[PDB]
Amino acid sequence: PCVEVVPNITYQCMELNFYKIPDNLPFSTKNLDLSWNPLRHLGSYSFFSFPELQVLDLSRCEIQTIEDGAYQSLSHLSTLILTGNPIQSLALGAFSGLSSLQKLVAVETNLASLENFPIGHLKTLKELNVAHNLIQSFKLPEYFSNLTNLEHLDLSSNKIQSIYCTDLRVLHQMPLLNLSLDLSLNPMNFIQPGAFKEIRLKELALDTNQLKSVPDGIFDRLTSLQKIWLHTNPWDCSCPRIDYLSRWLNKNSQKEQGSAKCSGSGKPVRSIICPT
Ligand SMILES: *[C@@H]1O[C@H](CO)[C@@H](O[C@@H]2O[C@H](CO)[C@@H](O[C@@H]3O[C@H](CO)[C@@H](O)[C@H](O)[C@@H]3O)[C@H](O)[C@H]2NC(C)=O)[C@H](O)[C@H]1NC(C)=O
Ligand SMILES: *[C@@H]1O[C@H](CO)[C@@H](O)[C@H](O)[C@H]1NC(C)=O
């Protein structure tokens, strides 16, 4: 037994030195916290005895691998947290059976590429958090065209250096309703002209990166955009290089959260007026 938070519903099994999933818990359990347990590896049907699971926290469980069908029976699960696991191998069917998964948190799991991240069948997914990883390319794999319900994608604190036009290809031909994209805290110093064309976005975070400039009209092909973060970037406010951005930011002051500032002087980019 773990700490019973709610009878036959919620149990807290964090740090009890478990190496296997507990079998002495109600089959009606909805919430399970198994964080901080040397689980090391997950085999097929690891949670067969918990068909009612909706939220599963497995962060910091020293997990290295996950075999096909590890969560095969959990068809009611909507939140899976894998934060802090030194994952090194991820089978193709590792997330098989998660037909209701809405939130996947894979922060700090040594993720190096989205291509090999076997999540292309989680059509019900609404939130994907892969912040604090080793991803160095923002090129979205073709399977993203099946994630029609995605409204939040967090790629902050990774190794992304730039955003090419091709990177959002998949979203061009299979647009989402209200997508919020977080790309802050990346060593990003380049955005290719027309990389956000035909793209629909509700939020775009690009603060605390390495940007000095952006292509002209980069944000013209957008209207659903509501919030944007550009602060904490070494903006080059010489003219006419800063012309488009300074004007855009001034004609959209409500959208910008925080304040993009000019390197050196510290003057708001939206306050600069370039000569004609
Ligand atoms: C948490 O789950 C346990 C077990 O599932 C609940 O206790 C169990 O309650 C059932 C009644 O729904 C008991 O089963 C049988 O009930 C009939 C009533 O008609 C009675 O005639 C039988 O003799 C028998 O009791 C079962 O014995 C009982 N088991 C336990 C745990 O003692 C418990 O109520 C649940 N707690 C919550 C969240 O309310
Ligand atoms: C998308 O999902 C369908 C249905 O399972 C599958 O056949 C297809 O290969 C997947 N990839 C594509 C085409 O985006």
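These residue numbers are counts, starting from 1, taken along the chain as shown.
Quick check of the header: X-ray crystallography, 2.4 Å.
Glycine too: its Cβ is placed from the backbone N, Cα and C atoms.
Between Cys2 and the candidates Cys13, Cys61, Swiss-Prot records a disulfide bond only with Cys13. Put simply, of 52-73, 76-97, 178-198, the stretch with the most CB pairs closer than 8 A to the repeat 'LRR 5' (124-145) is 178-198. Ligand 1 lies under 6 Å from the Cβ of none of the recorded positions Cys2, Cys13, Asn178. When the alpha carbons of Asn178 (N-linked glycosylation site) and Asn8 (N-linked glycosylation site) are compared, the span between them is 36 angstrom. With a cut-off of under 6 Å between the Cβ and any atom of ligand 2, the recorded positions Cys2, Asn8, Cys13, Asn146, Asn178 reduce to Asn146.
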